[PDB]
Amino acid sequence: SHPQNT
Amino acid sequence: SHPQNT
Amino acid sequence: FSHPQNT
Amino acid sequence: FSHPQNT
Amino acid sequence: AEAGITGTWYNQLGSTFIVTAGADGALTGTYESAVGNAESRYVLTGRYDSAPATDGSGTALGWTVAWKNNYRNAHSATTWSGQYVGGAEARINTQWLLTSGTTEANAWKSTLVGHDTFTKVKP
Amino acid sequence: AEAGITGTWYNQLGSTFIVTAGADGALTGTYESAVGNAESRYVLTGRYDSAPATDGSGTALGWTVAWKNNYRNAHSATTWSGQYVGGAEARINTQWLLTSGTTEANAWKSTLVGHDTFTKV
Amino acid sequence: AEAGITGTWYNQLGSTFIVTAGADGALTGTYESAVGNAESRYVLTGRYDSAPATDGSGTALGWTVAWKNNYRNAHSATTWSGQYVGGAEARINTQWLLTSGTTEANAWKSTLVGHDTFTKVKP
Amino acid sequence: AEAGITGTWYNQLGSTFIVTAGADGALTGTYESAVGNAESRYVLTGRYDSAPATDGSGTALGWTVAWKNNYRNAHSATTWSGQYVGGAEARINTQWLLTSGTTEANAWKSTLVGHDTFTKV
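Chain by chain, residues are numbered from 1 following the written sequence, and this numbering need not agree with the entry; no residue without coordinates is displayed. Chain letters start at A and ligand numbers start at 1, both assigned in the order the entries are written. Hydrogens and waters are ignored; side-chain quantities use all the structure's heavy atoms.

Looking at the entry header, you'll see X-ray crystallography listed as the method and 1.76 Å as the resolution.

Structural data, given as structure tokens:
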């Protein structure tokens, strides 16, 4: 998962 | 102007 | 990932 | 174009 | 599957893309600006995934236009890379690179990047 | 110069790009990874400017590989956009976009971008 | 002009960007995912054109987030590059690059590219 | 390694990038073109990972230059995204996006993309 997007 | 877009 | 494009 | 970024 | 991609498509700036998907993974067709008519028509060639993952995954595809036809030559080529998403409203979402032929000294500013969304209108 | 594109080219990671340039602008051939084996090979098609400018400019070109052959399907496609420069040391300088087929939730992280320099060496 | 850019903005995936434009061309603020609350908040720094061309030209700007705060570290940085277009509906249109720290061998697939549109909601 | 980023770096076209890396992830400094003169200089700000991974990975970083100083305003901004690799030959490998402020009619051709490699040489 990356924090840039959900 | 380029032909790709108007 | 790991893909055919390189090495 | 011609811009400050290079040369 | 090929049938889904084959048709007439249009992007948000009003350009036309007509494409046929062949069963070996080939894409062939023509690309036009919104001015319409004959010469804005250029040849495109590309490849797509002919055996996509099931799921609600898109089908990856890509194509190239070199901006030279029998009436004009812009000394440039664009490649679009993206995915076909099927449904009621089928769409192709892409990102594109436009490279112009330059001299060595100006090579650092040769390539434009952008993105296009195509909506389908006919097979 | 124009058909100087026809040949065998190598990028900086050892991948091999074998192309035929047609007189009217078609680009056709194969691409294969390093490791060598006869199917790491994938088909490519493209287009190039068959009548470039007469000042010292490069020849614009582009091509596509969908990453499916009879052995593997990586459910993706890469496009390279760049220009060929002739001379005693010819090369093709490119940038590329790799898109994978994803679900809608992952669509924002579908595309990688990179750059390759092909020479005949 | 700074006042136009200063505020709370949101992109199409529901992330939050809070920014202050200073009169020397500086941008400072925080960036959040749609999960909301504290830790999804990361520090951003950027620069914008503080003396734009008049016309209906946009204002060019850019900023960086490195994805490490006091709760998480994704070992990656994103840069957004685009332009502020003012009006009734003010918008920031961007393209972005996400680079992850990799070993030498995987460096060729280190960078993601994409595009975001931000709509303003508050100063 | 971490603060090995602080210093003077040169890209392959002779531009100079002078940076200070802060302990908590801030990047601050100046960028100037070749030709040399004391205002081809522009201010930059950025962020880097101040606690990178302990396997042999690079340090992710990025920065922005808006192309306005007291002498010139090119009505544009460039962002570089990449990673620093330490060692006997350290370098920063990047890709960049140059956006110009345009009218809506020209918005589709607003952004150039390219790549730079900075070394201390």
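On we go.
1. Quick word on the UniProt feature "binding site: biotin" in chain E
All names here are of chain E. UniProt positions are given in the numbering used here, feature names are shortened, and annotations may be inferred rather than shown by experiment. Here, the residues flagged by UniProt with the feature "binding site: biotin" are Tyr 31, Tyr 42, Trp 80, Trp 96 and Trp 108. These annotated residues cover 78 residues of sequence, and their C-alpha atoms reach 27.4 Å apart at the extreme, placing them across more than a single site. Side chain to side chain, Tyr 31 and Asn 11 meet in a polar contact 3.4 Å long. In DSSP terms, a helix is any run of H or I states spanning at least four residues, a strand is any run of E spanning at least two, and both are numbered starting from the N terminus. Along the chain, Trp 80 turns up in strand β6 (residues 73–85). Within 3.5 Å is the distance limit for a polar contact, defined as a pair of N or O atoms, with the added protein rule that one can donate a hydrogen and the other accept it, and that residues adjacent in sequence qualify only through two side-chain atoms.

2. Focus: the arrangement of the chains
One finds no contact linking chain B with chain F; the least C-alpha distance across the pair is 14 Å. Here, two residues are considered to be in contact whenever any of their heavy atoms come within 4.5 Å of each other. The two units chain C and chain H remain apart, with a minimum C-alpha distance of 16 Å.

3. Observations regarding the side chain of G:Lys109
Structurally, G:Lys109 can be placed in the loop between β7 (91–100) and β8 (111–122). Of the side chains with opposite charge, G:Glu104 lies nearest to the buried G:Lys109, which makes no salt bridge, at 12 Å. Once you skip the residues sitting within four places of it in the chain, G:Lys109 turns out to touch C:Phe1, C:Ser2 and F:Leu112. To sort residues, take the accessible area from a 1.4 Å probe on protein chains only and compare it with the maximum for the residue type: under 20% means buried, over 50% means exposed, and anything in between is partly exposed. Under the convention used here, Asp and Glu are negative, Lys and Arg are positive, and both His and the chain ends fall outside the count. When a carboxyl oxygen of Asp or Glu lies within 4 Å of a side-chain nitrogen of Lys or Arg, that pair is called a salt bridge.

4. Some words on the UniProt feature "binding site: biotin" in chain F
The UniProt feature table records "binding site: biotin" at F:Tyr31, F:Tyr42, F:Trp80, F:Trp96 and F:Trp108. Along the chain, the position of F:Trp80 falls in strand β6 (residues 73–85). Here F:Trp96 lies in strand β7 (residues 91–100). When near neighbours in sequence (up to four residues on either side) are disregarded, F:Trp96 contacts C:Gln5, E:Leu97, F:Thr78, F:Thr79, F:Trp80, F:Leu112, F:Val113, F:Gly114, F:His115, F:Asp116 and G:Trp108.

5. Focus: the interface of chain G and chain A
If you look at the interface, chain G gives 16 residues, while chain A gives 5 residues. Two parts lose some accessible area (1.4 Å probe) when they are put together, and adding that loss for both gives the buried area. Around 790 Å² of area is buried between chain G and chain A when both sides are counted, 54% of it from carbon and sulfur atoms. Taken as a group, G:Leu13, G:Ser33 and G:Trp67 account for 43% of the area that chain G buries against chain A, more than any other trio of residues on that side. Linking chain G with chain A are 0 salt bridges, by the criterion used here. Seen at the junction of chain G and chain A, the total is 5 residue pairs in polar contact. Looking at the side of chain G that touches chain A, the elements with two or more residues in it are β6 (73–85) and β7 of chain G. For the side of chain G that touches chain A, the element with the highest residue contribution is β6(G), accounting for 4 residues. Each residue is assigned to one of three groups, with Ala, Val, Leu, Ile, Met, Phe, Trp, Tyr, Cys and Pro labelled nonpolar, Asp, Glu, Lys and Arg labelled charged, and all others, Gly among them, labelled polar. Per-class residue counts for the side of chain G that touches chain A are 10 nonpolar, 5 polar and 1 charged.

6. Here we look at the environment of F:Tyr10
Residues and elements named next belong to chain F. Counting through the fold element by element, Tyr 10 comes out in strand β1 (residues 7–10). Taking C-alpha positions, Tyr 10 is 16 Å from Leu 27, a pair spaced 17 residues apart along the chain. When near neighbours in sequence (up to four residues on either side) are disregarded, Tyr 10 contacts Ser 15, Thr 16, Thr 117, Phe 118, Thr 119, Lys 120 and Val 121.

7. What to know about the pattern of salt bridges
Residues and elements named next belong to chain G. Inspection of the entire model under this criterion finds 6 salt bridges over all chains. Ionic pairing is found between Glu 32 and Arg 41, a salt bridge with its closest N-O pair at 3.6 Å. Since its relative accessible area comes to 9%, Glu 32 is described here as buried. We note a salt bridge from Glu 89 to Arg 91, for which the minimum N-O separation is 3.7 Å.

8. Thoughts on the environment of G:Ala3
Looking at where G:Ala3 falls in the secondary structure, it is placed in helix α1 (residues 2–5). Given a relative accessible area of 48%, G:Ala3 falls into the partly exposed group.

9. Observations concerning the interface of chain E and chain F
The interface is formed by 42 residues belonging to chain E together with 41 residues belonging to chain F. The contact between chain E and chain F buries some 3,000 Å² in all, and 57% of this surface belongs to carbon and sulfur atoms. Applying the counting criterion to the chain E and chain F interface returns 17 residue pairs in polar contact. When contributions to the side of chain E that touches chain F are tallied by element, the ones reaching two or more residues are β4 (42–48), β5 (59–68), β6 and β7 (91–100) of chain E. Of the residues belonging to the side of chain E that touches chain F, the class tally is 17 nonpolar, 22 polar and 3 charged.

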